[PDB]
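J.: Experimental structure and sequence below.
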Amino acid sequence: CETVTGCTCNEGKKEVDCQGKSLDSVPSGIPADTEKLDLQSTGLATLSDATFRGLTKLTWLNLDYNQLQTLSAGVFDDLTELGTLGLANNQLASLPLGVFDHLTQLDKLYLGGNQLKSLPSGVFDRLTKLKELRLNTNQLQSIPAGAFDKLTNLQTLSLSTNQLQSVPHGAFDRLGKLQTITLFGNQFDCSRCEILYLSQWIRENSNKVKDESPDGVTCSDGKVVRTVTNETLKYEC
């Protein structure tokens, strides 16, 4: 294993740890019974539908700090037991439709630090047990209506440092177990009626808004978002 992969293999932990080792591609020879695969900081730039073939026991995959721009659409399809997927700090420009659909047992999904401008509509729909979703430090221009509706288990949602001007009406209403949300570093437009959903939400959920920092969520114009009411907008909504 250790000679075939170039990485450290620990059979007792069902772990293949390549962290910090230069790779031109994910190595061959990963045992089919592997549970934990550490590919962080390996310099990976592409993955294929073949890369993780047969890793039906894998629970933890860390692809953080690589140079991925594009994911093949079937890249994670065999990884049905996956619980943690680290994809933070790559150069992801988009996510293909259905990319996470097989990961139904996923608990944490790290997507922060990429180049995402958009998300496909039902991209998170199958992740019904997800507890953490990190989307901070991308370039998100909007969130699809319903994006989070199936995430009834969600405890943490990070949306800070994006390009968001609004959130869709009712974006967070299904998130009954939510504990932490981040929303700073956006450019919310407090002149548009769309803001009223978010201002009322922040007022009713201030304890959940974190840097706790509800007043840190501010309009592109300087107003603190939770201060904005239809009266602010001259009753025009």
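T.: Nice, I can see it. Residues are numbered from 1 along each chain as shown.

J.: I figured residue 1 hits residue 32, correct?
T.: No: assessed by C-beta atoms under 8 Å, residue 1 is found out of contact with residue 32, at 11.4 Å. (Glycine included, C-beta is placed from N, CA and C.)

J.: Those two - which one has more neighbours?
T.: residue 1 (15 against 10; other C-beta atoms under 10 Å).

J.: and the closest residue to the more buried one other than its chain neighbours, helix, strand or coil?
T.: Spatial nearest neighbour of residue 1, chain neighbours left out: residue 9 (3.6 Å); criterion: C-beta to C-beta, 6 or more residues apart in numbering. Assigned with DSSP: H, G, I helix; E, B strand; the rest coil, residue 9 falls in the strand class.

J.: Which residues belonging to the longest helix seen in the chain are considered buried?
T.: In the chain, taking DSSP state H as the definition, the longest helix is helix 195-204. Under the neighbour-count criterion of 16 or more other C-beta atoms under 10 Å, helix 195-204 has 195, 196, 197, 198, 199, 201, 202 buried.

J.: my guess is the last one meets residue 229, correct?
T.: No: under the criterion of C-beta under 8 Å, residue 202 is not in contact with residue 229, lying 11.8 Å apart.

J.: picking that back up, show me which of the buried residues of helix 195-204 is closest to residue 48.
T.: residue 198 (39.9 Å; C-beta to C-beta).

J.: mind listing the helices for the protein?
T.: 2-5, 195-204.

J.: Can you say which of the ones you listed is nearest to residue 182?
T.: helix 195-204 (12.0 Å).

J.: by contact count, what packs against the closest one?
T.: Using 3 or more C-beta pairs under 8 Å, 6 or more residues apart in numbering; DSSP states H and E, no helix or strand is in contact with helix 195-204.

J.: just the CA coordinates of it, formatted as PDB?
T.: Presented in PDB, the C-alpha positions along helix 195-204 are these (Å, rounded to 0.1, in the frame of the first residue of the first chain):
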ATOM      1  CA  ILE A 195     -34.600  42.300   2.100                       C
ATOM      2  CA  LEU A 196     -37.600  42.200   4.400                       C
ATOM      3  CA  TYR A 197     -37.600  38.400   4.600                       C
ATOM      4  CA  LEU A 198     -34.000  38.600   5.800                       C
ATOM      5  CA  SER A 199     -34.400  41.500   8.200                       C
ATOM      6  CA  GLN A 200     -37.400  39.900  10.000                       C
ATOM      7  CA  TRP A 201     -35.500  36.500  10.000                       C
ATOM      8  CA  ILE A 202     -32.500  38.100  11.600                       C
ATOM      9  CA  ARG A 203     -34.700  39.800  14.200                       C
ATOM     10  CA  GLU A 204     -36.300  36.500  15.200                       C
END
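
J.: Thank you kindly, that will do.
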